Amino acid sequence: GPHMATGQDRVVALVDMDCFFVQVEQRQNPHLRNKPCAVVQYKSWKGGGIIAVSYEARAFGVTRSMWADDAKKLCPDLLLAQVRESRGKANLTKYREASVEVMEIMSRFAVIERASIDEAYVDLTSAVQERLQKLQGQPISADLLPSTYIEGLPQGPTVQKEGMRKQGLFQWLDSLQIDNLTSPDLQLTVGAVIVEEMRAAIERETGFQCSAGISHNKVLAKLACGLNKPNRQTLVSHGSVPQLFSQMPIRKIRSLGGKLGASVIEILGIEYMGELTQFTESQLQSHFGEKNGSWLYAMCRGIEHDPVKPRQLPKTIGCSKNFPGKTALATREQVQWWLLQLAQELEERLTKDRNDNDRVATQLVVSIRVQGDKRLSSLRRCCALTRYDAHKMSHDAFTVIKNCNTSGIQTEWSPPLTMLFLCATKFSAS
DNA sequence: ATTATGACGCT
DNA sequence: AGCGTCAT
Ligand SMILES: Nc1ncnc2c1ncn2[C@H]1C[C@H](O)[C@@H](COP(=O)(O)OP(=O)(O)OP(=O)(O)O)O1
Ligand SMILES: [Ca+2]
Ligand SMILES: [K+]
């Protein structure tokens with residue numbers, strides 16, 4: 001009752017760029033705008049691998065991980081943009097720089113947590129309090145929420161998509177109690193107004209469109225964001241959670257899309273997030289551990305306490321390349337040449353990072369995969385990163401991995417290497 | 001023969 | 001530390 005937490009203390013948003021690498025390429029090349037198109041890396045093997053897909057192309061069934069030759073079977077008129085190649089490898093700099101454009105705009109509105117190259121969480125609790133004080137108790141017009149969906153509405157006693165959106169928004173706003181400054185539903189609504197403003201600023205200042213979720217925590221904001229894509233935002237209220245979760249597959253919730261989520265389903269014999277409410281906290285802890293159990297107990301009730309971390313910059317800067325099938329590295333010279341290519345890209349990015357962000361990496365992590373190994377990484381070793389110098393880093397990387405070579409001939413490398421990875425970590429202020 | 005990333009948990 | 005999981 002009066003002592004039961006409801007997890008309604010914060011307003012959190014998640015902003016997710018729509019088909020991000022495609023938009024970056026469509027901004028640059030207007031011929032690609034409003035077309036079925038995709039972004040591909042490399043071209044020689046089966047036309048290249050697709051890593052991003054426009055919504056026009058998704059209508060034809062084109063997906064990530066598809067080979068472009070195969071995507072062309074579904075969509076013969078599919079347009080393609082290729083990821084830049086430098087030093088023999090895909091180079092993602094254009095997309096990282098475009099990401100910074102968006103993250104810097106978002107940071108004007110609130111503290112952000114960079115979740116990925118094109119996603120950021122926003123803690124809007126303070127901004128909402130501020131806006132509410134401005135508002136001086138005046139109601140919120142639907143005109144302030146032109147791209148907002150209210151999840152679960154309309155409900156109760158037109159056949160167009162936008163019509164339904166407005167119907168739900170009207171029901172929501174009709175019900176709002178705008179004279180209570182501490183009403184969680186009102187706070188979420190003001191949060192959604194701010195996110196409309198944020199999303200308009202992003203589009204105005206970069207050309208890029210995005211979707212967003214607004215709720216009381218990160219998991220719900222993330223879930224909300226995906227409900228109405230692209231170019232829309234969705235408010236998931238605390239009250240919407242029981243119905244929403246009642247048919248929500250467990251794997252849809254962030255962190256439950258893999259083995260843990262499969263185990264929840266198998267061990268408990270349930271399918272939907274809402275079904276978790278029927279277990280005690282101790283029961284859940286008994287199967288999934290103390291941390292996961294407590295997290296699941298609260299999460300299935302719409303409650304999560306994970307903070308929006310004040311972090312706008314990546315914590316690591318890495319460079320990696322696969323060498324699949326026949327291209328696996330089988331000589332010493334090969335391994336050393338590619339470590340150098342990786343180190344040269346890493347040095348370039350590190351030097352830029354040091355100038356931009358007043359920090360220096362102090363640890364170099366070297367990872368490799370050996371042919372035959374099922375795991376993405378076979379071996380990981382660290383050494384000191386004391387100078388931003390590509391020849392030094394590549395020499396150091398070789399040193400920490402060179403005894404992995406089983407070959408009695410040290411000219412040759414065996415078993416052949418199917419992946420190389422250099423990662424700079426442990427930043428200190430500079 | 002997806003590939004190139006990146007954060008965080010466990011022991 | 002080195003490995004594993006989960007995610008864009
Ligand atoms: N598995 C991957 N491999 C390489 N790059 C990826 C992968 N997943 C995502 N990316 C890149 C390309 C994406 O444009 C970008 C953002 O990813 P993501 O948000 O999952 O999809 P998206 O932005 O392309 O479409 P959506 O509109 O569905 O969000 O990150
Ligand atoms: Ca996205
Ligand atoms: K994303």
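Both backbone and side-chain heavy atoms feed into the values below; hydrogens, waters and symmetry mates do not. Order of the sequence lines fixes the chain letters, A, B, ..., with proteins taken first and strands second; residue numbering starts at 1 for each chain.
Taking the six-membered ring wherever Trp is involved, the centroid distance between the rings of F398(A) and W413(A) falls below 6.0 Å.
Side chain to side chain, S211(A) and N228(A) fail the donor-acceptor criterion of an N or O pair below 3.5 Å.
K291(A) comes within 4.0 angstrom of the backbone, heavy atoms only, and of no base. Residue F421(A) is classed as having no contact, given no heavy-atom separation below 4.0 Å to the nucleic acid. Using a 4.0 Å heavy-atom criterion, one finds that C423(A) contacts no nucleic acid atom at all. Using a 4.0 Å heavy-atom criterion, one finds that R369(A) contacts no nucleic acid atom at all. Among the heavy atoms of the strands lying under 4.0 Å from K321(A) are primed sugar atoms or P, OP1, OP2 only; no base atom is included. As judged by a 4.0 angstrom heavy-atom cut-off over every strand, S65(A) is placed among the base-contacting residues.
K222(A) has no carboxylate O lying under 4.0 Å from a charged side-chain N of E304(A), or vice versa, which leaves the two without a salt bridge. Salt-bridge formation is not detected for the pair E348(A)/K352(A): no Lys NZ or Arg NE/NH1/NH2 atom is positioned less than 4.0 Å from an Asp or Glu carboxylate oxygen. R108(A) and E205(A) are joined by a salt bridge, as a carboxylate oxygen and a charged side-chain nitrogen come within less than 4.0 angstrom of each other. The residues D353(A) and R349(A) are annotated as not salt-bridged, no charged nitrogen and carboxylate oxygen being separated by less than 4.0 angstrom. Using a cutoff of 4.0 Å between basic side-chain nitrogens and carboxylate oxygens, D70(A) and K73(A) are scored as salt-bridged.
If you walk DNA chain B from 5' to 3' and mark each nucleotide with an atom closer than 4.0 Å to a heavy atom of chain A, the marks span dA1(B) to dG9(B).
A donor-acceptor contact shorter than 3.5 Å links the side chain of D123(A) to the backbone of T125(A).
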Reading 5' to 3' through nucleotides 3-8 of chain C, protein heavy-atom contacts under 4.0 Å coded B for base, S for sugar-phosphate only, - for none: SSSSSS

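Along DNA chain B, the nucleotide nearest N292(A) and the nucleotide nearest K89(A) are compared for position; the residue whose nucleotide lies closer to the 5' end is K89(A).
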